[PDB]
Amino acid sequence: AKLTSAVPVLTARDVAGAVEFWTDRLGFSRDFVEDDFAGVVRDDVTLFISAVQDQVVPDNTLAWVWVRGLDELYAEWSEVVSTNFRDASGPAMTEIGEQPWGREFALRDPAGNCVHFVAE
Amino acid sequence: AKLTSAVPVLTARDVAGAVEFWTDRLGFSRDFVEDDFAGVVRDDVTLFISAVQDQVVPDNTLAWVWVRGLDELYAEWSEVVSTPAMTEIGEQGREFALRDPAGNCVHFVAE
Ligand SMILES: [Cl-]
Ligand SMILES: [Cl-]
Ligand SMILES: [Cl-]
Ligand SMILES: [Cu+2]
Ligand SMILES: [Cu+2]
């Protein structure tokens, strides 16, 4: 057999709001959207979004995404996402950092999930 | 830019035990292991595992994985996991789901 790809599942109390942010703001496309679950895609990456009732879940939900052209993606999103991450009143992203595992930045979405984007 | 691959982050109150399950029982390899975070890998798929203090998180954590040879993977795991536990294979793609010791539920779908 061969395991070929994986799809992280972000969580949210407001599923429709999460889909709108990932698509209308970050440029992912809607693969499918149901009231309690959805799938969004950009290039070879699909992210699912699932409904939850306890905010503790997205508050502890993470995902990692590998990217060719990290600075370009950061530039695009910097136009529409705040870089004041310590202000958790809304979505925001960090600056690019050089972590042991790679050059990356992270973005906290409106639901609270933290998705890290790392340069290939 | 191009988004090339994604890595789901499973959650666990016991990261080491989750690593033990995914590697010894499910046949993933250890990519790296720290007390509060770890990475396991099989073929092109890497799963990260992060520590949490609230069991509600893994009890609501999901991930999907695509596979060539779904029936072979099911047969391999049916020798080490109760049918942690896994569902039967059913048509939705064709898939089965597996709940790990930490509570995460990962679905495996046939390409
Ligand atoms: Cl984080
Ligand atoms: Cl063992
Ligand atoms: Cl489920
Ligand atoms: Cu944190
Ligand atoms: Cu369920």
Side-chain angles (χ1 to χ4, degrees), chain A residues 1-11 45 47-48 56-67 70 94 96-108 112-120, chain B residues 3-67 73-74 76-82 84-86 96-108:
Chain A
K2 183 191 180 186
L3 276 69
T4 60
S5 67
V7 175
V9 184
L10 308 182
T11 52
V45 169
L47 300 174
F48 286 166
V56 175
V57 185
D59 282 350
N60 287 278
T61 296
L62 304 168
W64 261 257
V65 175
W66 258 263
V67 182
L70 190 75
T94 67
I96 288 171
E98 298 216 65
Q99 319 284 41
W101 55 92
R103 184 147 183 275
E104 67 157 59
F105 65 85
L107 177 150
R108 180 184 60 238
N113 301 281
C114 198
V115 185
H116 293 244
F117 294 82
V118 182
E120 251 188 35
Chain B
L3 285 62
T4 54
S5 69
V7 179
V9 184
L10 302 187
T11 53
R13 287 193 296 176
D14 168 27
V15 171
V19 171
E20 149 70 28
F21 174 77
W22 284 87
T23 59
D24 284 1
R25 309 292 290 168
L26 302 194
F28 281 60
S29 296
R30 293 180 175 235
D31 185 23
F32 64 94
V33 182
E34 297 176 338
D35 297 319
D36 312 323
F37 200 95
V40 297
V41 60
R42 183 162 177 165
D43 305 327
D44 292 334
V45 169
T46 295
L47 299 176
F48 284 165
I49 303 169
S50 191
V52 294
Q53 285 192 311
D54 195 333
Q55 185 56 34
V56 67
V57 187
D59 287 349
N60 284 277
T61 294
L62 301 166
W64 265 257
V65 174
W66 262 260
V67 179
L73 186 70
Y74 193 72
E76 172 191 333
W77 292 345
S78 66
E79 297 312 322
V80 284
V81 178
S82 172
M86 63 182 183
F96 64 84
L98 180 154
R99 184 187 60 244
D100 72 11
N104 302 284
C105 185
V106 185
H107 295 236
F108 288 90

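Below, chain A is the first sequence line, B the second, and so on; all start at residue 1.
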Side chains of [X] and [Y]: closer than 4.5 Å at any heavy-atom pair?
| X | Y | value |
| --- | --- | --- |
| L62(A) | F37(B) | yes |
| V15(B) | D36(B) | no |
| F108(B) | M86(B) | no |
| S50(B) | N60(A) | no |

Please report the C-alpha distance between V81(B) and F21(B) in whole Å, then the side-chain angles of each, then the deciding distance to 0.1 Å, and finally whether the side chain to side chain contact (heavy atoms under 4.5 Å, CB included) criterion is met. CA-CA 10 Å; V81(B) 178; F21(B) 174 77; 4.0 Å; yes
Separation of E104(A) CD from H116(A) NE2 (nearest 0.5 Å):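 So the gap between those two atoms works out to 5.5 Å.
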Please check: side-chain N/O of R103(A) versus main-chain N/O of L70(A), any donor-acceptor pairing under 3.5 Å?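 Side chain of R103(A) to backbone of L70(A), a donor-acceptor pair under 3.5 Å: no, none is there.
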Just distance, no hydrogens or angles: give the donor-acceptor pairs under 3.5 Å from side chains in residues 1-10 of chain A, sequence neighbours left out.
{"unit_1": "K2(A)", "atom_1": "NZ", "unit_2": "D44(B)", "atom_2": "OD2", "d": "3.1"}
{"unit_1": "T4(A)", "atom_1": "OG1", "unit_2": "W66(B)", "atom_2": "O", "d": "3.2"}
{"unit_1": "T4(A)", "atom_1": "OG1", "unit_2": "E111(B)", "atom_2": "OE2", "d": "2.8"}

Between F48(A) and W64(B), what is the ring plane arrangement, given parallel below 30°, perpendicular above 60°, and tilted in between?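 Because their plane-to-plane angle is over 60°, the rings of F48(A) and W64(B) count as perpendicular.
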Please give me the minimum heavy-atom distance between [X] and [Y], naming the atom from each residue.
| X | Y | result |
| --- | --- | --- |
| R42(B) | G27(B) | CD-O, 3.8 Å |
| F105(A) | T94(A) | CA-OG1, 3.5 Å |
| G103(B) | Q55(B) | CA-NE2, 4.4 Å |

For a ring pair (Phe, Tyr, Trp, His ring centres under 6.0 Å) check, start with the C-alpha distance between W101(A) and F32(B), then their side-chain angles and the critical distance, and finish with the verdict. CA-CA 11 Å; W101(A) 55 92; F32(B) 64 94; 8.3 Å; no
Kindly write out the residues that satisfy side-chain hydrogen bond (donor to acceptor under 3.5 Å, both in side chains) with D100(B), not counting sequence neighbours, or none if the list is empty. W22(B), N104(B)
Suppose the criterion is salt bridge (charged side-chain N to carboxylate O under 4.0 Å, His left out): which pairs have a residue in residues 8-31 of chain B, not counting sequence neighbours?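 Listed once each, the pairs would be none.
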